[PDB]
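Contents: one structure, followed by commentary.
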Amino acid sequence: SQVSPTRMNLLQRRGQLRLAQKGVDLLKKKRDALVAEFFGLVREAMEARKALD
Amino acid sequence: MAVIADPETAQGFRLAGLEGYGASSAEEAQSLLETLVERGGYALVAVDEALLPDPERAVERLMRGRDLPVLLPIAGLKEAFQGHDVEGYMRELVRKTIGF
Amino acid sequence: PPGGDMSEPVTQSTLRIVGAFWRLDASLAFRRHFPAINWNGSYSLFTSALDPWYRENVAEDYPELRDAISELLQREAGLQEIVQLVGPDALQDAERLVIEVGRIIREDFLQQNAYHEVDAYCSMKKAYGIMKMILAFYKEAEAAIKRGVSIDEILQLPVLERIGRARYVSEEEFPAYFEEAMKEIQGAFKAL
Amino acid sequence: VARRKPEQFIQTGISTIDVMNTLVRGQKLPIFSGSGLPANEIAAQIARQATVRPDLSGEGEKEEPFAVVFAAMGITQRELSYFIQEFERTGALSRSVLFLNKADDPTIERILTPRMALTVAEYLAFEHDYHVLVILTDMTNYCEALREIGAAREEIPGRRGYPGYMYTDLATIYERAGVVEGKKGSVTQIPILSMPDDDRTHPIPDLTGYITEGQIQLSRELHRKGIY
Amino acid sequence: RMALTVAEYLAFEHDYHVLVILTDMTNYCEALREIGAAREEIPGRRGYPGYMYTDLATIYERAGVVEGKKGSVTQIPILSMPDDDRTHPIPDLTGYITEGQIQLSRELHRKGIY
């Protein structure tokens with residue numbers, strides 16, 4: 001069918017890992033920042049709301 | 001604008017602060033809601049929890065993106081209504097991020 | 001092995017032949033709480049056939065403790081991650097319960113020193129009571145949240161401290177400290 | 001030194017070649033095509049649409065014969081009749097020399113017969129001053145016969161069961177072509193591969209890279225849309 | 001092997017302290033292979049020899065302190081890999097007898113942090 005090279009490509013699939021394994025390390029505490037501060041705005045929202053409703 | 005709720009509370013959108021002439025007409029006031037927002041040229045579209053749009057998804061699925069003039073749940077009726085605390089907290093955590 | 005790989009002969013042969021693999025993690029090590037054994041990456045297929053001979057000679061409820069208690073780590077592994085990111089106080093009282101017990105498992109039943117020889121000497125009778133107390137403290141934790149007992153005062157009980165002083169004696173003071181320590185749990189959830 | 005820069009372009013009947021690569025006399029265009037993608041079939045399309053350009057090059061090129069050569073290294077029953085029936089459809093059958101090989105015809109002569117035929121090309125192309133188009137198609141079945149000597153004998157497999165004398169085996173074949181500086185004839189050879197899958201470490205895509213300058217690839221992605 | 005045998009006599013028997021700094025192990029290991037291939041020893045994984053181990057030991061094991069002899073040789077070998085990947089012998093081998101590894105960052109060396 002269609003299949004990729006197996007010694008040219010050897011060099012790229014080792015480098016797959018360097019990009020992947022390191023890549024997903026930082027992916028974790030990234031999104032955590034935005035979602036962390038988000039909470040603040042949700043709580044704080046109802047502050048004036050309840051009062052003025 | 002275009003804000004509508006119960007009759008008594010609809011009165012004051014008829015004045016200033018807010019613009020409006022409707023009230024209820026359906027479950028979520030579809031008769032007015034859909035037809036109106038199609039143009040979307042109104043200064044604000046706010047649908048109160050006096051109608052209660054259970055499928056806020058109907059408008060989003062149809063609009064296919066627009067934060068400009070789209071319902072904002074408030075309350076629209078008085079029973080010492082300040083319950084949009086305990087409601088909004090659970091409405092956010094359940095579908096977006098980790099549950100309560 | 002050079003990577004940690006299984007596609008090398010030596011590993012994928014041993015792997016079936018010998019029935020247990022004891023992986024220690026680098027992170028688990030660096031904080032100074034020994035052993036540093038990473039559980040999801042360890043296993044012992046031996047345990048099955050030994051469960052008869054364990055309870056027979058050692059203690060009757062000994063197997064009953066091990067298997068049961070391990071559920072702590074499992075519901076704690078996927079809990080720490082990013083679900084208690086917002087503090088445990090903004091979560092359910094059943095998902096709190098996990099870190100309340102969590103204290104005793106991590107400061108008592110996993111903390112040890114290779115620098116102190118009065119805690120590193122361990123035997124059946126010492127380890128057995130430690131794992132035991134954490135069963136009897138979950139049984140009382142969960143009765144605490146069914147009565148709506150605050151998580152401020154349960155984390156400040158004398159009960160937790162009573163475990164801590166009984167890992168600083170090898171096995172001599174252990175019997176007398178189990179007389180007092182057990183019954184102390186009993187009257188500190190009943191003192192509240 | 002006897003070779004001199006190619007520049008006399010022909011119509012292959014696909015705008016795509018005559019722009020992007022702009023195939024000219026004396027030049028090779030290997031048609032990279034994996035397995036599970038036809039290339040014997042679609043090659044016949046080029047083979048019948050081929051026609052010189054004489055009004056744009058400032059001189060006649062129809063004045064000196066445009067004969068063509070074809071030659072298979074190994075083909076089936078259906079593709080045998082399919083070829084002739086696509087040469088009978090335009091009458092491009094006339095003025096051709098066909099040194100076909102089949103899969104039931106000697107397996108030793110899949111690699112002997114190319115070498116033979118190419119020295120019957122040199123005679124009508126260079127010494128009778130004809131523009132001869134050579135098209136050699138089915139270059140795996142080549143490699144089948146090549147394999148046999150590669151390893152069974154004294155010769156060793158220097159890459160992928162084929163001899164280590166591989167370099168020569170792909171040199172006398174491929175080298176034939178190039179515009180002469182003292183003849184006005186030429187051998188324009190267009191190899192059409194059936195190289196294994198989309199691999200580039202396989203002997204075929206290998207050496208072929210370095211060799212040609214101009215090259216074109218066909219793929220299977222647009223081939224299932226049905227575009228040709 | 002030359003300066004190896006001289007070194008023994010430098011740091012243990014003069015009480016001096018030597019620091020052996022080797023560089024480029026790739027060449028050391030290529031040349032080796034040719035020698036062994038004629039003694040009827042088969043080359044190893046990713047062509048690099050398997051009789052490497054023994055021979056590589058003998059250079060590195062004249063390192064470590066010695067009882068009563070204060071002076072001893074400190075070993076620092078330096079070797080090359082395509083991107084510091086562990087998918088051939090050159091690191092594996094080494095990495096059993098020697099302790100630690102100290103790899104090089106692309107970010108750093110670009111910015112000229114040495």
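Chain lettering (A, B, ...) mirrors the order of the structure tokens, residue numbering begins at 1 for each chain separately, and ligand numbering begins at 1 in order of display.
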
Legend entry - Check: which chain E residues lie within 9 Å of chain A using only C-alpha atoms, as an MDAnalysis selection string: chainID E and resid 83 85 87

Legend entry - Check: which chain D residues lie within 9 Å of chain A using only C-alpha atoms, as a ChimeraX atom specification: /D:34-37,196-202,220

Legend entry - Spatial neighbours of range 60-66 of chain E, 8 Å, only C-alpha atoms, chain gap at least 3 places, as a ChimeraX atom specification: /E:8,12,56-57,69-75,97-98

Just the selected residues (C-alpha atoms), exported as a short mmCIF file (atom, residue, chain, number, x, y, z; two decimals), in the first residue's frame, please.
```cif
data_model
loop_
_atom_site.label_atom_id
_atom_site.label_comp_id
_atom_site.auth_asym_id
_atom_site.auth_seq_id
_atom_site.Cartn_x
_atom_site.Cartn_y
_atom_site.Cartn_z
CA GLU E 8 50.02 4.50 36.82
CA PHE E 12 50.07 6.39 42.45
CA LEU E 56 37.04 0.13 27.12
CA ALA E 57 37.08 -1.10 30.76
CA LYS E 69 48.36 6.16 47.96
CA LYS E 70 46.75 9.56 48.03
CA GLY E 71 47.36 10.41 44.37
CA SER E 72 45.11 8.61 41.87
CA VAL E 73 43.89 9.53 38.34
CA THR E 74 40.51 11.23 37.78
CA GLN E 75 38.81 9.99 34.48
CA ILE E 97 31.19 1.39 34.24
CA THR E 98 31.07 5.11 34.40
#
```

Legend entry - Distance of CA of residue 41 in chain C from CA of residue 3 in chain C, expressed in Å to one decimal place: 15.3 Å

Legend entry - For range 23-38 of chain E: contacts at 12 Å, only C-alpha atoms, fewer than 2 positions along chain excluded, given as a VMD selection string: chain E and resid 20 to 21 40 to 53 55 to 56 59 75 to 82 88 to 91 93 to 94

Write to file, as a short mmCIF file (atom, residue, chain, number, x, y, z; two decimals), in the first residue's frame, the residues of the selection just made, with C-alpha atoms.
```
data_model
loop_
_atom_site.label_atom_id
_atom_site.label_comp_id
_atom_site.auth_asym_id
_atom_site.auth_seq_id
_atom_site.Cartn_x
_atom_site.Cartn_y
_atom_site.Cartn_z
CA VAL E 20 42.81 12.16 32.03
CA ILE E 21 40.72 13.86 29.43
CA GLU E 40 37.13 -13.77 13.90
CA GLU E 41 35.07 -11.74 16.19
CA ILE E 42 31.71 -10.63 14.91
CA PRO E 43 30.79 -6.96 15.20
CA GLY E 44 28.00 -5.85 17.46
CA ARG E 45 24.79 -3.86 17.72
CA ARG E 46 24.40 -0.97 15.15
CA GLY E 47 27.73 -2.21 13.72
CA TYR E 48 29.84 -1.07 16.64
CA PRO E 49 31.75 -3.98 18.24
CA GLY E 50 30.72 -6.18 21.08
CA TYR E 51 34.25 -6.97 22.24
CA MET E 52 34.29 -3.16 23.04
CA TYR E 53 33.33 -3.69 26.63
CA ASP E 55 38.92 -3.12 26.05
CA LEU E 56 37.04 0.13 27.12
CA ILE E 59 41.28 2.51 30.30
CA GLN E 75 38.81 9.99 34.48
CA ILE E 76 36.66 12.30 32.24
CA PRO E 77 35.92 10.69 28.93
CA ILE E 78 34.13 12.68 26.26
CA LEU E 79 32.20 10.93 23.41
CA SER E 80 29.74 12.00 20.60
CA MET E 81 26.28 10.79 19.67
CA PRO E 82 23.91 12.19 17.04
CA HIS E 88 23.45 2.48 19.73
CA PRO E 89 26.29 0.95 21.99
CA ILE E 90 28.51 4.03 22.49
CA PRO E 91 26.56 5.37 25.49
CA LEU E 93 28.48 0.44 27.38
CA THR E 94 30.17 3.37 28.78
#
```

Inset, instruction - Please return, as a list in words, all residues of chain E lying within 8 Å of chain C when only C-alpha atoms are considered. - result: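 In the required form, that comes to residues 86, 92 and 95 of chain E.
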
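The spacing separating CA of residue 22 in chain B from CA of residue 61 in chain B amounts to 23.7 Å.
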
Could you list the residues in chain B lying within 10 Å of chain C, using only C-alpha atoms, and format the result as a PDB file with C-alpha atoms, in the first residue's frame?
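Dumped to part_39.pdb:
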```pdb
ATOM      1  CA  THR B  97     -13.487  21.793  34.176  1.00  0.00           C
ATOM      2  CA  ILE B  98     -13.826  19.235  37.016  1.00  0.00           C
ATOM      3  CA  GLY B  99     -17.172  18.577  38.688  1.00  0.00           C
ATOM      4  CA  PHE B 100     -18.082  19.781  42.198  1.00  0.00           C
TER       5      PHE B 100
END
```

Inset, instruction - For residue 94 in chain C, please output as a count of residues only all residues within 12 Å (counting only C-alpha atoms; exclusion window: fewer than 6 positions along the same chain). - result: 15
